[PDB]
Each structure stands twice: as C-alpha cells, then as structure tokens.
file my_file.pdb (PDB, C-alpha atoms)
ATOM      1  CA  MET X   1     -12.936  81.059   2.976  1.00  0.00           C
ATOM      2  CA  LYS X   2     -13.622  78.414   0.366  1.00  0.00           C
ATOM      3  CA  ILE X   3     -14.655  74.769   0.215  1.00  0.00           C
ATOM      4  CA  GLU X   4     -13.290  72.640  -2.625  1.00  0.00           C
ATOM      5  CA  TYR X   5     -15.208  69.379  -3.138  1.00  0.00           C
ATOM      6  CA  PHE X   6     -13.517  66.783  -5.368  1.00  0.00           C
ATOM      7  CA  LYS X   7     -15.786  64.147  -6.877  1.00  0.00           C
ATOM      8  CA  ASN X   8     -16.568  62.038  -9.868  1.00  0.00           C
ATOM      9  CA  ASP X   9     -19.952  60.980 -11.117  1.00  0.00           C
ATOM     10  CA  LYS X  10     -19.322  57.254 -10.519  1.00  0.00           C
ATOM     11  CA  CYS X  11     -18.706  57.785  -6.776  1.00  0.00           C
ATOM     12  CA  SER X  12     -21.783  56.988  -4.702  1.00  0.00           C
ATOM     13  CA  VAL X  13     -20.500  58.417  -1.420  1.00  0.00           C
ATOM     14  CA  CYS X  14     -19.760  61.612  -3.393  1.00  0.00           C
ATOM     15  CA  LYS X  15     -23.322  61.898  -4.712  1.00  0.00           C
ATOM     16  CA  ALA X  16     -24.821  61.414  -1.238  1.00  0.00           C
ATOM     17  CA  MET X  17     -22.420  63.873   0.391  1.00  0.00           C
ATOM     18  CA  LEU X  18     -22.691  66.586  -2.283  1.00  0.00           C
ATOM     19  CA  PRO X  19     -26.036  68.105  -1.166  1.00  0.00           C
ATOM     20  CA  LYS X  20     -24.869  68.057   2.454  1.00  0.00           C
ATOM     21  CA  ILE X  21     -21.609  69.840   1.686  1.00  0.00           C
ATOM     22  CA  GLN X  22     -23.480  72.358  -0.472  1.00  0.00           C
ATOM     23  CA  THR X  23     -25.906  73.066   2.360  1.00  0.00           C
ATOM     24  CA  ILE X  24     -23.005  73.439   4.812  1.00  0.00           C
ATOM     25  CA  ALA X  25     -21.462  76.026   2.484  1.00  0.00           C
ATOM     26  CA  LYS X  26     -24.735  77.932   2.123  1.00  0.00           C
ATOM     27  CA  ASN X  27     -25.202  77.709   5.903  1.00  0.00           C
ATOM     28  CA  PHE X  28     -21.850  79.443   6.527  1.00  0.00           C
ATOM     29  CA  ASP X  29     -21.928  81.702   3.434  1.00  0.00           C
ATOM     30  CA  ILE X  30     -18.721  80.090   2.153  1.00  0.00           C
ATOM     31  CA  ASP X  31     -17.974  79.730  -1.561  1.00  0.00           C
ATOM     32  CA  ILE X  32     -17.861  76.117  -2.727  1.00  0.00           C
ATOM     33  CA  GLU X  33     -16.276  74.800  -5.901  1.00  0.00           C
ATOM     34  CA  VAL X  34     -17.327  71.323  -7.055  1.00  0.00           C
ATOM     35  CA  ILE X  35     -14.487  69.754  -9.034  1.00  0.00           C
ATOM     36  CA  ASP X  36     -14.879  66.645 -11.188  1.00  0.00           C
ATOM     37  CA  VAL X  37     -11.538  64.833 -11.100  1.00  0.00           C
ATOM     38  CA  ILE X  38     -12.329  62.867 -14.266  1.00  0.00           C
ATOM     39  CA  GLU X  39     -13.643  65.705 -16.415  1.00  0.00           C
ATOM     40  CA  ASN X  40     -11.094  68.307 -15.229  1.00  0.00           C
ATOM     41  CA  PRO X  41      -8.143  66.356 -13.792  1.00  0.00           C
ATOM     42  CA  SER X  42      -5.459  69.085 -14.097  1.00  0.00           C
ATOM     43  CA  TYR X  43      -6.087  71.040 -10.891  1.00  0.00           C
ATOM     44  CA  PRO X  44      -6.803  67.906  -8.756  1.00  0.00           C
ATOM     45  CA  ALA X  45      -3.524  66.425  -9.986  1.00  0.00           C
ATOM     46  CA  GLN X  46      -1.668  69.622  -9.058  1.00  0.00           C
ATOM     47  CA  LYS X  47      -3.278  69.548  -5.590  1.00  0.00           C
ATOM     48  CA  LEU X  48      -2.331  65.846  -5.174  1.00  0.00           C
ATOM     49  CA  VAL X  49      -5.970  64.751  -4.887  1.00  0.00           C
ATOM     50  CA  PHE X  50      -6.295  61.062  -5.748  1.00  0.00           C
ATOM     51  CA  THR X  51      -9.387  59.755  -3.951  1.00  0.00           C
ATOM     52  CA  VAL X  52     -12.952  61.032  -3.912  1.00  0.00           C
ATOM     53  CA  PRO X  53     -14.655  62.418  -2.072  1.00  0.00           C
ATOM     54  CA  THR X  54     -11.931  64.835  -0.969  1.00  0.00           C
ATOM     55  CA  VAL X  55     -12.830  68.033   0.895  1.00  0.00           C
ATOM     56  CA  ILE X  56     -10.383  70.924   1.218  1.00  0.00           C
ATOM     57  CA  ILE X  57     -11.201  73.944   3.386  1.00  0.00           C
ATOM     58  CA  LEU X  58      -9.236  77.052   2.430  1.00  0.00           C
ATOM     59  CA  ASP X  59      -8.823  80.643   3.564  1.00  0.00           C
ATOM     60  CA  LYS X  60      -7.024  83.119   1.280  1.00  0.00           C
ATOM     61  CA  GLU X  61      -5.984  80.119  -0.861  1.00  0.00           C
ATOM     62  CA  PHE X  62      -4.290  78.676   2.264  1.00  0.00           C
ATOM     63  CA  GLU X  63      -5.205  75.065   3.026  1.00  0.00           C
ATOM     64  CA  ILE X  64      -6.836  74.891   6.490  1.00  0.00           C
ATOM     65  CA  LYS X  65      -7.732  71.196   6.421  1.00  0.00           C
ATOM     66  CA  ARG X  66      -8.014  68.329   3.945  1.00  0.00           C
ATOM     67  CA  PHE X  67     -10.456  65.424   4.316  1.00  0.00           C
ATOM     68  CA  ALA X  68      -9.898  62.274   2.273  1.00  0.00           C
ATOM     69  CA  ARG X  69     -10.198  58.486   2.580  1.00  0.00           C
ATOM     70  CA  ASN X  70     -11.905  58.262   5.994  1.00  0.00           C
ATOM     71  CA  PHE X  71     -13.989  61.167   7.292  1.00  0.00           C
ATOM     72  CA  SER X  72     -17.593  61.997   8.147  1.00  0.00           C
ATOM     73  CA  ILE X  73     -19.484  65.114   7.140  1.00  0.00           C
ATOM     74  CA  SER X  74     -19.656  66.111  10.825  1.00  0.00           C
ATOM     75  CA  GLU X  75     -15.851  66.495  10.915  1.00  0.00           C
ATOM     76  CA  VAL X  76     -16.091  69.047   8.096  1.00  0.00           C
ATOM     77  CA  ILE X  77     -18.724  71.088   9.928  1.00  0.00           C
ATOM     78  CA  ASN X  78     -16.702  70.904  13.140  1.00  0.00           C
ATOM     79  CA  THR X  79     -13.552  72.205  11.430  1.00  0.00           C
ATOM     80  CA  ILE X  80     -15.434  75.077   9.790  1.00  0.00           C
ATOM     81  CA  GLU X  81     -16.979  76.053  13.128  1.00  0.00           C
ATOM     82  CA  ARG X  82     -13.708  75.841  15.068  1.00  0.00           C
ATOM     83  CA  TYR X  83     -11.876  77.868  12.417  1.00  0.00           C
ATOM     84  CA  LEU X  84     -14.542  80.579  12.431  1.00  0.00           C
ATOM     85  CA  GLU X  85     -14.545  80.613  16.241  1.00  0.00           C
ATOM     86  CA  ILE X  86     -10.771  81.133  16.318  1.00  0.00           C
ATOM     87  CA  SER X  87     -10.919  83.691  13.520  1.00  0.00           C
ATOM     88  CA  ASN X  88     -13.763  85.700  15.054  1.00  0.00           C
ATOM     89  CA  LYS X  89     -12.027  85.955  18.461  1.00  0.00           C
TER      90      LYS X  89
END
call {"tool": "encode", "arguments": {"input": "my_file.pdb", "output": "structure tokens"}}
result
Amino acid sequence: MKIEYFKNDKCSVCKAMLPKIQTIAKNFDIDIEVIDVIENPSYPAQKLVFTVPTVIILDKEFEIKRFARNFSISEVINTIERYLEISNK
C-alpha cells in the first residue's frame, strides 16, 4: 500500500495534518509520499489533484480512496483499517 499526501507550504490545515498522517503511515508500516503541489505540480496535475490537503490511499498503484475538500483524519485511519481487514481475511 501507499499513502500520497498532497500539500503546499502555505496551507495551514496541511501543516497540522502532516505529522498525523505521517504517524498513521508509520503506525501501519505503509509508505507515504509527501507531494508539494506548488514545487512539483506535474504529477498532481496528472492525478487531477486541485485542492490541498488531498490524501490518496493506494495499493499496487490502484486508487483505493481519495480524500479532498471535506474530510477528517479519522476517516483516513478508518479506511486504512477497513481495507486491511478486508485484505487480511
């Protein structure tokens, strides 16, 4: 699996959420890529990411769930847990 976290350094919700999402990734031993949409806009533009923060959970480069606009960090944890529960069964 993989977490992709899209941010910019002028986004205050992004700064506050970044250590949480990093801890979540460490907690589940999932790779996490932090992507700055201003510094490196090519891949975000290809993925159709326009707002930050945006969180994409992936497995084998397949998009399991995208979070943008209105979401809490608990929704991200819940999706990761449900996906691992389904996968491990």
call {"tool": "closest_residue", "arguments": {"input": "my_file.pdb", "among": "X:85, X:75, X:63, X:4", "to": "residue X:34", "atoms": "all atoms listed in the file"}}
result
X:4
call {"tool": "residues_around", "arguments": {"input": "my_file.pdb", "residues": "stretch 35-47 of chain X", "least_positions_apart": "5", "cutoff": "6 Å", "atoms": "only C-alpha atoms", "output": "tab-separated table (two decimals) with C-alpha atoms, keeping the file's coordinate frame"}}
result
chain	number	residue	atom	x	y	z
X	5	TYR	CA	-15.21	69.38	-3.14
X	6	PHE	CA	-13.52	66.78	-5.37
X	7	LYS	CA	-15.79	64.15	-6.88
X	8	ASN	CA	-16.57	62.04	-9.87
call {"tool": "closest_residue", "arguments": {"input": "my_file.pdb", "among": "X:77, X:11, X:84, X:18", "to": "residue X:51", "atoms": "all atoms listed in the file"}}
result
X:11
call {"tool": "resolve_selection", "arguments": {"input": "my_file.pdb", "expression": "the PyMOL selection byres ((chain X and resi 21-24) around 10)", "output": "list in words"}}
result
residues 3, 4, 5, 14, 16, 17, 18, 19, 20, 25, 26, 27, 28, 29, 30, 31, 32, 33, 34, 55, 73, 76, 77 and 80 of chain X
call {"tool": "closest_residue", "arguments": {"input": "my_file.pdb", "among": "X:1, X:12, X:54, X:48", "to": "residue X:70", "atoms": "only C-alpha atoms"}}
result
X:54
call {"tool": "atom_distance", "arguments": {"input": "my_file.pdb", "atom1": "atom CA of residue X:53", "atom2": "atom CA of residue X:68"}}
result
6.4 Å
call {"tool": "atom_distance", "arguments": {"input": "my_file.pdb", "atom1": "atom CA of residue X:86", "atom2": "atom CA of residue X:59"}}
result
12.9 Å
call {"tool": "atom_distance", "arguments": {"input": "my_file.pdb", "atom1": "atom CA of residue X:87", "atom2": "atom CA of residue X:52"}}
result
28.7 Å
call {"tool": "residues_around", "arguments": {"input": "my_file.pdb", "residues": "residue X:79", "least_positions_apart": "4", "cutoff": "9 Å", "atoms": "all atoms listed in the file", "output": "list in words"}}
result
residues 57, 64, 65, 74, 75, 83 and 84 of chain X
call {"tool": "closest_residue", "arguments": {"input": "my_file.pdb", "among": "X:49, X:62, X:81, X:89", "to": "residue X:2", "atoms": "only C-alpha atoms"}}
result
X:62
call {"tool": "closest_residue", "arguments": {"input": "my_file.pdb", "among": "X:56, X:69, X:88, X:50", "to": "residue X:13", "atoms": "all atoms listed in the file"}}
result
X:69
call {"tool": "axis_aligned_box", "arguments": {"input": "my_file.pdb", "around": "stretch 6-20 of chain X", "padding_each_side": "3 Å", "output": "AutoDock Vina command-line options"}}
result
--center_x -19.8 --center_y 62.5 --center_z -4.3 --size_x 18.5 --size_y 17.1 --size_z 19.6
